[PDB]
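Before any questions on binding or motion, here is one chain by itself as structure tokens, the form deposited in one PDB entry.
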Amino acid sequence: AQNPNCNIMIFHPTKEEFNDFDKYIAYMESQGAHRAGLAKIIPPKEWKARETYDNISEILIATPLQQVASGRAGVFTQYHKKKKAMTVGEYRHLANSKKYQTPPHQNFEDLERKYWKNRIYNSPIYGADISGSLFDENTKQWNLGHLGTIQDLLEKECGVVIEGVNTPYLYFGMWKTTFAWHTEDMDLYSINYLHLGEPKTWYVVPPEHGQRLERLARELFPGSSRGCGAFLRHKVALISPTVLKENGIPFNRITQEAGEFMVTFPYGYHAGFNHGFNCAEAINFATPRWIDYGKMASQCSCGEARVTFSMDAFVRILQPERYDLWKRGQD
């Protein structure tokens, strides 16, 4: 069995290997990359996502989210308070202000220490989940706006034609902005490209050990667990590496820098934080190996998780027994 310790793997495809996206994902899995839940892909030196980032300041962040924490430093939840719209230029200036800017630090490890020590005492503002793309239309390789759609994959594998679309999302981050512990909708893959700015640190649990994380989360968040049998779908809970280690939960960590891709694999729980002003683009995707994970994915039916139009068909076709209850949650 390849990669039996479930380490995060890093890949350096050549320009020729960068042509066929599906084939390269399958290659990475042949080497055991999925066992980690997360992989890094460094694009060939010949590749670029677009020519420059000099003209992005007029993008609108219609609903910036202030991430307010409650709990203790290593075990907390966050809720998202909606703020007034602002442009990317206005948000960059805010991120760089004395109130929000990254503190002086020695290296990524020192910054990680400061994040876990101090995150709860601040409420950074995240421009998340903005439909759109920063890939140039002429970029033909690993262009996250030109991937094969999940609806087309389900159709190719299973023969059923379904409604729905699949488009990318932009994330504008600042110091301390945080992504809570989650897997993707319907335990899909994700791919995330860091277009510009400061790094993003990731934590991940191997898919084969995801239920260990879930059992810890039920212990640590006991009211939330009683409210919903899949409350990590709410995407609000944080657990630090120190707490994970104290409870024996297998995980790994890695820092993504500008110009690098990350792939999350089906049922790979992940969480993380931004180091400073940055912009990422991400989208979900599927492969033939996903289908069995989609059929077994948990679902939130309490009403909190509320998701896209396109998840309807996935539930309806892959999980017909759950469909009625899940849809009641959506309405």
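Numbering starts at 1 and runs along the sequence shown. If you superpose the two forms and keep the largest set of C-alpha atoms that fall within 1.5 Å, you have the rigid core. Shifts are known only where both forms have a C-alpha.
In this entry, the higher average B-factor at the C-alpha atoms falls on 50-58, of the pair 50-58 and 277-285. Averaged over their C-alpha atoms, the temperature factors of 302-310 and 28-36 are higher for 302-310. Of the candidates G197, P124, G227, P168, it is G227 whose Cα B-factor is highest according to the PDB record.
For the set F108, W116, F135, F172, the maximum C-alpha B-factor listed in the entry falls on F108. Per-chain ranking of the deposited C-alpha B factor places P104 in the highest third. When the CA B factors of the chain's modelled residues are split into thirds, the value for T139 lands in the highest one. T149 sits in the highest third of its chain by CA B factor, as recorded in the PDB entry. Among all modelled residues in its chain, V161 ranks in the highest third by Cα B-factor.
Among all modelled residues in this chain, the alpha-carbon of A297 has a temperature factor (C-alpha) in the middle third.
Missing here is the form solved in complex with a partner chain; even so, the following discussion is about that form.
None of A282, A49, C300, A297 but one reaches within 4.5 angstroms of the partner chain in the bound PDB entry through a heavy atom, and that residue is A282. The partner is absent here; in the bound PDB entry, the one residue of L111, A128, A217, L94 having a heavy atom within 4.5 Å of the partner chain is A128. The closest heavy atom approach of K45 to the partner chain in the bound PDB entry falls outside 4.5 Å. Interface residue remark: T287 is not counted as part of the site for the partner chain in the bound PDB entry, having no heavy atom within 4.5 Å. In the bound PDB entry, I162 approaches the partner chain with a heavy atom inside 4.5 Å. Taking the partner from the other structure, the partner chain in the bound PDB entry has no heavy atom within 4.5 Å of any heavy atom of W116. Contact with the partner chain in the bound PDB entry, defined as any heavy atom within 4.5 Å, is confined among 255-263, 228-236, 194-202, 95-103 to 228-236. Once both forms are overlaid on the rigid core, the distance between the two CA positions of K156 between this form and the one not shown is 2 angstroms or more. When the rigid core is held fixed, the Cα atom of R306 travels 2 angstroms or more between this form and the one not shown. The Cα shift for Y323 between this form and the one not shown, taken after rigid core superposition, is 2 angstroms or larger. An increase of at least 3 Å in the separation of the C-alpha atoms of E321 and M186 is found in the bound PDB entry, compared with the displayed form. The gap between the Cα atoms of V161 and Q299 is smaller in the bound PDB entry, by no less than 3 Å, than in this form. Listed in sequence order, 149-165, 225-227, 306-331 mark where three or more consecutive residues have CA shifts of 2 Å or more between this form and the one not shown on superposition of the core.
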